[PDB]
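Structure first, commentary second.
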Amino acid sequence: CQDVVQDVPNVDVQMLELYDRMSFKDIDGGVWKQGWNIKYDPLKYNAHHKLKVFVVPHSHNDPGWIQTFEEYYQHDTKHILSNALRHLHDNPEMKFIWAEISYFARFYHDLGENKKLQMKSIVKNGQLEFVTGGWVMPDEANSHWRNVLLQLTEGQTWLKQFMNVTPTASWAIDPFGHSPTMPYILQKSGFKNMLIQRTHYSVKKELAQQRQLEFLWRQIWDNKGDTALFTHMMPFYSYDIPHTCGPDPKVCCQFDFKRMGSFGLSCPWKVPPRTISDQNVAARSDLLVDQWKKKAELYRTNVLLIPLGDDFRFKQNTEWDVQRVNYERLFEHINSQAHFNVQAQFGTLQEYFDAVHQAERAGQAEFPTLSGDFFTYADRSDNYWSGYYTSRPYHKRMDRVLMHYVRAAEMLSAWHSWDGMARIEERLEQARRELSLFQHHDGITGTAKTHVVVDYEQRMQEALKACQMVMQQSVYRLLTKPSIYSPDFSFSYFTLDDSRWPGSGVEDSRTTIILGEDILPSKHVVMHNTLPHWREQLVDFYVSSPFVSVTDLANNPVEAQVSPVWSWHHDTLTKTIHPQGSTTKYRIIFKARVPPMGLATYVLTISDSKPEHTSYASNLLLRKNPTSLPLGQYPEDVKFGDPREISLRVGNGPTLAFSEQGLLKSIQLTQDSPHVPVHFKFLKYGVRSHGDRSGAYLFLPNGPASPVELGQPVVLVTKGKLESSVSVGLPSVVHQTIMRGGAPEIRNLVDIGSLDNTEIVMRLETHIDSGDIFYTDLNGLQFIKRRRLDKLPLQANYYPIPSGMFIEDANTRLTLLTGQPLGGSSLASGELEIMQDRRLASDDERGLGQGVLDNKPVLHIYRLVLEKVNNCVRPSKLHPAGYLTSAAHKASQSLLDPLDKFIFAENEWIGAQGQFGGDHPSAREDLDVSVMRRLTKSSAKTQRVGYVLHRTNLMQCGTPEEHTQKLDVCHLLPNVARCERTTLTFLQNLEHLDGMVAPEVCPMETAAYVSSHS
Ligand SMILES: *[C@@H]1O[C@H](CO)[C@@H](O)[C@H](O)[C@H]1NC(C)=O
Ligand SMILES: CS[C@@H]1[C@@H](N)[C@@H](O)[C@@H](O)[C@H]1O
Ligand SMILES: [Zn+2]
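Note that PDB author numbering has the sequence shown beginning at 31, numbered continuously upward.
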């Protein structure tokens, strides 16, 4: 295994180093506004060295944006695809590329057999070529790598089954900034090439000058280069026609033949296209070849890529004809005029890359190596696209909840083959497709119109219901005596209970377990642990009595703690945000212990008085002029007091001190260590009154944030043996800090209400001497070093926080893990900040045509980990990566893949069993089984199960930790007949494995395996 910490890769372009050196000046470069006047030597190309030009027709189809997926399919995409089939069928030389398989699958299943055969034929013959082949062209900032893989696999599996092709070239022309998580996943899925477009205009200028727009993109920690993927970055401001033929859009616009009038499009540079004729073809060719030779100067080979397309293009039959015929006249003239020394033709993306690599092999060019990312994107001036790292945060959190539910439903049901009548495959396909659809660059990004966000939400809601159904049917089968098991596939044996989604104050959706001496004395509950190691986690349920005790299935008592059910309300009468305690239901908390990738059953039993193994939390309401808070049957009385500073310690854990405002002030790791200053503060950013305004994409603050005026907030302290917490009602946020013995958990119920032009940020102030350095993650996969640059505006120093961020100095580190992607930064030494929500009354001029005024309450979750790191083996000062400690990685897993909770729905569960998975190996803590998926239906003689294994890299800080089992996924199911290593999409076998044993993977590597069973 390659060492991912100690060896700094040597690459030609390292983006953090490039950023440090670049000036970022925004000067007028002439017709190429963000570049310069390109010059070329006319004698560079000659009879023996011609410029080969591939014009690649394309149509960008968003699976939701200004319209929903179904509306665009009906109004535009079904017509684009129908006319592409007709025109390519009838014109053998025409070519077209297609990226979004969600739309293609939607179209193809509606075709009659004759058209299906014609479509398969134009794909097999090379006229229609799929690029990437994912369900969508995903966002690359907020998406979790697991869901980027999920959507890629969904579209590619559809393509292999129905079109018999697997793309090896990727096309990503619209995501707003680009992540190296894409070449990481693509290179492990069979890809050989990829293309990107939206990168900072200063980066396009810098790389163009050095002819570094084509490069071998490797991961930041990859010293050898085995992760490298050839990448082509487009050079100009847009992928539309005006910005794809060359540096001068006033000339290129004249070669978009859809802009002459009858289509309602025109050229903003004031010169329209004109039909190509024998009388003007020479002058037009002179102009066009000149743009092509200028564009060719920015690259190293004699093979030139000219995309020809835009959004929802190639719709009208007349549009196909006007583009095809005018370009064929230009090609016939250019190709026949020897003095141009050009050979131009329609082509596909693969054809372009194949030609480039043939030139490389002929020794005509060598390409630079590059590592890093392409965030944060700006398309012009100071317009940095950091707003969408936070826009529509409710759905960004929903994305992560569904991410986990899909994983759990696929894993729980993978253990057995199911009868078709159980509709397991059907429900899982729907869940995977709706989550895949939401990875679109206008889905999770929060950049769609209001009614479209509504459509994505409704789809995800159904996806969660489908997961619940599969999970609960699986638990009943996994824990019921086989000879007693008698399923009704439509019945609900268990209901899922989720403490953090939609969350308290967001939706009262949680059921109360109703017990009573005269009705039902006890209830079975079951926890699932999707991770491959034994795991303990406190779990909570709502119960109708405070007098409840817990036992495991050996009837062994389990220590529990009971607390009140607290809800916060804005009292429009008193004008205070204060908690109300339930007088009809309570919370029981206990530690569940669950096997690796398994299940554990516990029982809740009611009694008439305090049970021996159940304790009760004390409660203290701090506020001036308090009023009583009765708690129905709850034993202990609530106490009151004026606001004051407070300290709490659960177990052996850290001791947290809080201000009289209920916000963290310090953390003391051990009883004798110092109280390290760690202060939570909430502030707000506004919007500019003159000049460009923030919108769904853009973050354009009117200066540094200002403190939220807190007044005298109401603070609630609940102190328990197992769990304690301090909650405070602040304007727009009920902020809660929970302690269970280790790193605290933070929960924010964010309701921005009607505060227009406001962005609420949560900041952490410390005295850590981080300087201008901080770390953020990319897609939940890796942590990358960031350097705050005062030469760039505040919004440029904002980065995606898809799962976590940290700052450190030589001795101390503070890491904030998230249960949802949000935007954040470190704008001064010792600070961390992350945006909670943003409400914007104006549009930001990118075409969305609306502000963001559809905010809804969302519960954001976090883990805050303060730790000493003077003893950790960290990368050197020049290394571009960072790595989490064991505690921080487990803290991240607790937010993203918590234990799942099931409540038996009937009175009695006959045949109940206590545990499932006790014999599963408990793998090393840095290893995860990211995906477990049965790939075959029940009628298959040979069953196949696929696994994606991922190993992260954790810092070595002096903790021995050495007692775990080797995990061989191929032997998790019995009767294994074969084990193969495959691409990550499971579509190609790469290695027949000896002994039918699946090796574990190296730190930072991800592998896939498929076991076959007879
Ligand atoms: C699928 O594609 C491969 C590669 O061209 C071809 O050999 C095969 O015959 C095609 N059809 C089948 C059998 O799926
Ligand atoms: C140019 S804005 C961008 C448009 N290109 C459209 O495809 C959609 O994804 C939107 O967010
Ligand atoms: Zn788009």
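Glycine residues also receive a C-beta, built at the ideal position from the N, C-alpha and C atoms.
- Chain order is used for the residues whose beta-carbon lies nearer than 5 Å to a heavy atom of ligand 3, namely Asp-92, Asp-204.
- Assigned with DSSP and collapsed to three states, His-720 falls in coil, not helix or strand.
- Restricting attention to beta strand (DSSP E) runs no shorter than 3 residues, the stretch 61 to 141 encloses them at 81 to 90, 126 to 128, ordered along the chain.
- Listed as beta-bridge partners of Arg-462 by DSSP are no residues whatsoever.
- Only residues of its own chain outside the window of five on either side were considered, and among them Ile-203, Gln-227, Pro-337 have a CB closer than 7 Å to the CB of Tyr-269, listed in chain order.
- DSSP places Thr-845 within a strand segment (E or B) once states are collapsed to three.
- Looking at the DSSP output, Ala-199 sits in a beta bridge with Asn-223.
- The alpha carbon of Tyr-419 has as its nearest neighbour, out of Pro-830, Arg-964, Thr-602, the alpha carbon of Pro-830.
- Note that the stretch 705 to 715 touches the stretch 790 to 803; at least 3 beta-carbon pairs, one per stretch, sit closer than 8 Å.
- Around the beta carbon of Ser-593, a 10 Å sphere encloses 16 or more other beta carbons of the protein chains shown; the residue is thus reported as buried.
- Around the beta carbon of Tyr-231, 16 or more other beta carbons lie within 10 angstroms, which makes this residue buried.
- If you ignore the 5 residues before and after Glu-955, its C-beta comes within less than 8 Å of the C-beta of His-563, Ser-916, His-919, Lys-920, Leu-984, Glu-991, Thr-994, all in its own chain and listed in chain order.
- In terms of Cα proximity to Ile-618, the closest of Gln-610, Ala-461, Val-633, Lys-234 is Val-633.
- Ligand 2 never approaches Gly-741 closely enough for any of its heavy atoms to be under 7 Å from the residue's Cβ.
- Taking 7 Å as the cut-off, one finds at least one heavy atom of ligand 2 near enough to the beta carbon of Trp-95.
- Bridge pairing for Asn-649: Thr-748 [DSSP].
- Distance from the Cα of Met-52 is smallest, within the candidate group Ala-590, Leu-822, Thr-700, for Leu-822.
- Residue range 480 to 508 is occupied by the alpha helix (DSSP H) that includes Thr-480, with no beta strand (DSSP E) assigned at that position.
- Taking non-hydrogen atoms of ligand 2 into account, the C-beta of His-471 is found less than 7 Å away from one of them.
- Separation of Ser-1041 and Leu-1017 (C-alpha to C-alpha, rounded to the nearest whole angstrom) is 13 Å.
- Excluding five sequence positions before and after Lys-967, the CB atoms of its chain that fall closer than 7 Å to its own CB belong to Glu-455, given in chain order.
- In summary, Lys-695 is buried, with 16 or more beta-carbon neighbours lying within 10 Å of its beta-carbon over all protein chains present.
- By the criterion of at least three beta-carbon pairs nearer than 8 Å, the stretch 580 to 593 is in contact with the stretch 638 to 651.
- Inclusion of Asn-194 in the 7 Å shell around ligand 1 follows from its C-beta lying nearer than that to a non-hydrogen atom of the ligand.
- Between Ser-522 and the set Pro-532, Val-536, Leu-335, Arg-507, the nearest pair of CA atoms involves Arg-507.
- When the Cα atoms are used, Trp-445 and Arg-530 turn out to be separated by approximately 27 Å.
- Burial of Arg-489 is indicated by the presence of at least 16 other C-beta atoms within 10 angstroms of its C-beta.
- Restricting attention to beta strand (DSSP E) runs no shorter than 3 residues, the stretch 823 to 907 encloses them at 829 to 831, 834 to 838, 842 to 848, 852 to 855, 861 to 869, 888 to 898, ordered along the chain.
- Beyond the five residues adjoining it in sequence on each side, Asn-827 comes within less than 7 Å, by CB distance, of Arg-818, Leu-819, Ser-855, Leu-857 in the same chain, given in chain order.
- In the DSSP assignment, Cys-282 falls within the unbroken alpha helix (DSSP H) covering 279 to 282.
- Of the candidates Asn-809, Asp-71, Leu-1023, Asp-71 places its Cα closest to the Cα of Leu-328.
- DSSP, read as helix, strand or coil, puts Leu-379 in helix.
- Here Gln-309 is exposed. Its C-beta has fewer than 16 other C-beta atoms within 10 Å.
- In this chain, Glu-362 is not harboured by any beta strand (DSSP E); it is covered by the alpha helix (DSSP H) spanning 347 to 366.
- Taking 7 Å as the cut-off, the C-beta of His-90 counts as close to a heavy atom of ligand 2.
- The three-state secondary structure of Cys-1032, taken from DSSP, is coil.
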